[PDB]
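A quick write-up on the structure given underneath.
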RNA sequence: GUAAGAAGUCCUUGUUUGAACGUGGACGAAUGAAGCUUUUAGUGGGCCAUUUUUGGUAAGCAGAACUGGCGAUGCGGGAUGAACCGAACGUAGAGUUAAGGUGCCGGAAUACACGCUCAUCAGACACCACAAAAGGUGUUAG
RNA sequence: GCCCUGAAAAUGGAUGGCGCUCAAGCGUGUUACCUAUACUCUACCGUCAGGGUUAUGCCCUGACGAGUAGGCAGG
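Here it is in structure tokens:
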């Protein structure tokens, strides 16, 4: 009789998409990335900056 | 809006007979990547035989100023296909960044010539390393030793409607 | 008998949760791998280009009066029957010609997973023979489009964004999205120029997310 | 052009009408020019051709006789038959797909290299 | 605005009820509405559609037409059905012993059928005999 | 103009050196969503606008070909206005906007920023649309 | 590029008026804001369609509502 909206009302959110529970547990949106240090090329920075 | 500098590269699409074509690069002043890419194709159609369907862009990137706090004297080449065949202009702008120079240039052209973004073409913005290569007098005005000057009329912004003071503009 | 009902529900629910976890893994590893490919090209001194977008979202911008017949018919075909109504479309040459025709009267672009999810959750309405039925439950989708293996609203979002074999059927099941006017406004003073000329219509390619998030 | 006479035309084949100026006999049909019709009967001297001509808003059926000099084999169904045979082959291979056609798709990701092709910057 | 495409507020026609005022006919359609709704048989929907028809579109059907229908192969013992009216025919001399159901029989036609041996029946009795229309043969009269 | 398939493809031999019919076996680009009669009102050389094109001269303009709108149509704006901009209407409420606007009349910044301009009746949409081709020891930037 | 002139009469007169001069004018850019019978949400009325049910009625669901000549229906 009345449309209730997910993105509010965690109950009707959880009626659908039950992955949301563990999603919020692991938090999965403030998730950190594996660090790397792949430096770029001299030709790349050169042709970016000029000529 | 507040402009940005964008590096753009175009590949015009490979064929059999011709793998790996020649990757033409350009520097654009524009608000965002959409306008930057449109301007890229607009200049590339003039220079060479390419098309947005006949070509592709490889790497859109941003260029930030290496020293955006160091004050600089830029010289700018400009041209605009009006009213005659195209004719050029050299202007000088004292500012910190190429972005600010281009912004105040567009505003100055709109003011002093009624010439518009659609009408204007940027050829080359270039920092002038050495003094005595500065040609224009309104920029030469500001390079003198131990420069000082006042602001003799101060008028104070008032938040209220009424004042009980008979205000003063001093300094 | 009620225990049998609950057992079937529990089975389908576990299926949904493993499917959704798989989809999350797919999306994150895909974007991470694209990023690392860009970085690898940069490190090797080569350039990496991303795949051209295959899905676009389109929004109507102009009313119904004094519309010429060809764009009127094309908007009928794309189910943009009124102002601010919107639809997803798969982009090929055949559709690009339509978009070229209806550029003055629509704003379109390349949407994000976040806005697709928000649209399908808040304004997601479905067609059950007719009628614009609100979704409200995964059963309504498992009935109609369980033929195509789409048992959940997230499976539907996946078939939409990852354009699948049955994108046509899922999108036609989806009623045209009814949207409001943006809360922050349109920005520009005058709408009916291109996005490039300080207008609003035409392709903007990423800011459609901002626009539809203001409008939804 | 003698190759316009060693041309078998069996009932069922589709042909375009393009009448050449070099033969005053049987120059047909002012606007039946570049129009296609299948052949219904053949005699000597002769081939039959039928065309769906529209009058008002219905397609009526006009049957006609023409000299062989004006008619020409149609390459209308070349890709159709090629695709049908290739579809049979692909269906056999499947039995061992998207055999349907598809429009031009968006080109996918790739990598562009800089080995001897450094990008050449320029301006107006 | 909406820029409609389908000429909103269509009526669909199709005669949901009869123009008549015969209470007995209204009992008949009240019965066949239940039957066509609950049975799933198509025969009952056909009969209900035919009951709404007018006199112009319910032509009479003759004894001779019925005998033609019964001369068909494997169709002699079927319960023939005419929703309209059934007339006599003095052109045929031999008539089967069939069962037939209809709204209205004429006196001569009823007499001929009874004389051959069969019976004349109403649609409600046809319903309590064969709800789904099992082993039935519907006939219609020439329209023009 | 035609074509984009199950009224289509591929094996099976009786009737003019072979064609047609017939026998039986194996299997298709995108998007979006019915047909048949029957019968009768009112209107059936009226007004406006755009762009295609023929002929045009003091200037205007006259003929045809689409399209859109008014006629029948209220609402917001343009100070006011049949055909300009937006947008088409059930009765109410809350929110967001369009076009147009935010010194006072008048709801909304006498907001921010860069320049230019002083007119002895400046200007406050222009249109190498008219006055029109220039003149001026007024000013600014090239 | 802006400014002056670049001819136009006759009741008193109009950037709409007041009036405005680093503007309340011209050009351009960045934000905020006002605001329609337009868009979104909800309720109610009516129509239409689809369903259900021992009653030209009862129930569920949804989409729609401009109107002259004129037509049909219910009162």
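Chains as they are written, first to last, in the UniProt record's numbering: chain R, 312 to 362; chain E, 2 to 172; chain H, 29 to 244; chain C, 26 to 121, 126 to 153; chain X, 2 to 145.
The beta carbon of each residue, even a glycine, is placed where N, CA and C say it ideally should be.
The stretch 164 to 179 of chain H and the stretch 40 to 49 of chain C do not touch, with fewer than 3 CB-CB distances between them shorter than 8 angstroms. If you ignore the 5 residues before and after residue 12/E, its C-beta comes within less than 8 angstroms of the C-beta of 22, 24, 56, 57, 58, 59, all in its own chain and listed in chain order. DSSP, read as helix, strand or coil, puts residue 4/X in coil.
Below 8 angstroms, enough C-beta pairs join the stretch 203 to 220 of chain H and the stretch 232 to 242 of chain H to call them touching: three or more. For residue 77/C, the closest alpha carbon among the candidates 54/C, 61/C, 153/C, 134/C is that of 61/C. The beta carbon of residue 135/C sits no closer than 8 angstroms to any beta carbon of chain E.
CA-to-CA, the gap between residue 119/C and residue 113/C works out to about 10 angstroms. For residue 56/H, the uninterrupted alpha helix (DSSP H) run begins and ends at 30 to 72, by DSSP. Contact with chain H is absent for residue 67/X, since none of that chain's Cβ atoms lies less than 8 angstroms from the residue's Cβ. Going by C-alpha positions, residue 41/H is about 36 angstroms away from residue 134/C. Across the set 115/H, 154/H, 201/H, the C-alpha of 115/H shows the shortest separation from the C-alpha of residue 139/H. Between residue 336/R and residue 72/H, the beta carbon gap of about 39 angstroms keeps them out of contact (Cβ cut-off 8 angstroms). Approximately 12 angstroms separates the beta-carbon atoms of residue 188/H and residue 169/H; this is outside 8 angstroms, ruling out the contact.
Taking C-alpha positions only, residue 152/C is separated from residue 86/E by approximately 19 angstroms. For the beta strand (DSSP E) assignment, the uninterrupted runs of no fewer than 3 residues enclosed by the stretch 52 to 107 of chain X are, from N- to C-terminal side, 80 to 88, 100 to 106. DSSP, read as helix, strand or coil, puts residue 120/X in strand. Within the DSSP bridge table, the entry for residue 154/H names 161/H, 202/H as partners.
The beta carbon of residue 226/H is closer than 7 angstroms to those of 216 in its chain, skipping five residues each way along the sequence.
Using a Cβ distance threshold of 8 angstroms, residue 145/H and residue 110/H do not count as a contacting pair. Distance from the Cα of residue 18/X is smallest, within the candidate group 3/X, 39/X, 55/X, 95/X, for 55/X.
Within the stretch 173 to 203 of chain H, no residue has a Cβ lying closer than 8 angstroms to any Cβ of chain X. DSSP, reduced to helix, strand and coil, places residue 75/E within a strand of the structure shown. Sequence-ordered contacts of the stretch 74 to 97 of chain H with chain C read 74, 75, 76, 77, 78, 79, 80, 81, 82 [C-beta pairs closer than 7 angstroms].
Contact annotation: in the stretch 52 to 73 of chain C, no residue has its CB less than 8 angstroms from a CB in chain H. Neighbourhood of residue 17/E in chain C, by CB distance below 9 angstroms: empty, with the nearest CB roughly 15 angstroms away. Chain-ordered, the chain H residues with CB closer than 9 angstroms to the CB of residue 350/R read 70, 71. In the assembly as shown, residue 49/C is an exposed residue. Its beta-carbon has fewer than 16 other beta-carbons within 10 Å.
Looking at the backbone, the Cα of residue 117/X and that of residue 66/C are separated by about 59 angstroms. Residue 69/E and residue 35/E do not touch by the CB rule: their CB atoms are close to 24 angstroms apart, not below 8 angstroms. Assignment of beta-bridge partners to residue 88/E by DSSP yields 81/E. One alpha carbon belongs to residue 91/E, the other to residue 138/C, and they sit about 43 angstroms apart. Under the 8 angstroms criterion on CB atoms, residue 356/R is classed as non-interfacial with respect to chain E. At a cut-off of 8 angstroms between beta carbons, residue 55/E makes no contact with chain H. By the Cβ neighbour-count rule, residue 108/E is exposed, with fewer than 16 other Cβ atoms within 10 Å of its own. Contacts with chain R at 8 angstroms (Cβ-Cβ) do not include residue 242/H. At a cut-off of 8 angstroms between beta-carbon atoms, residue 8/E makes contact with chain R.
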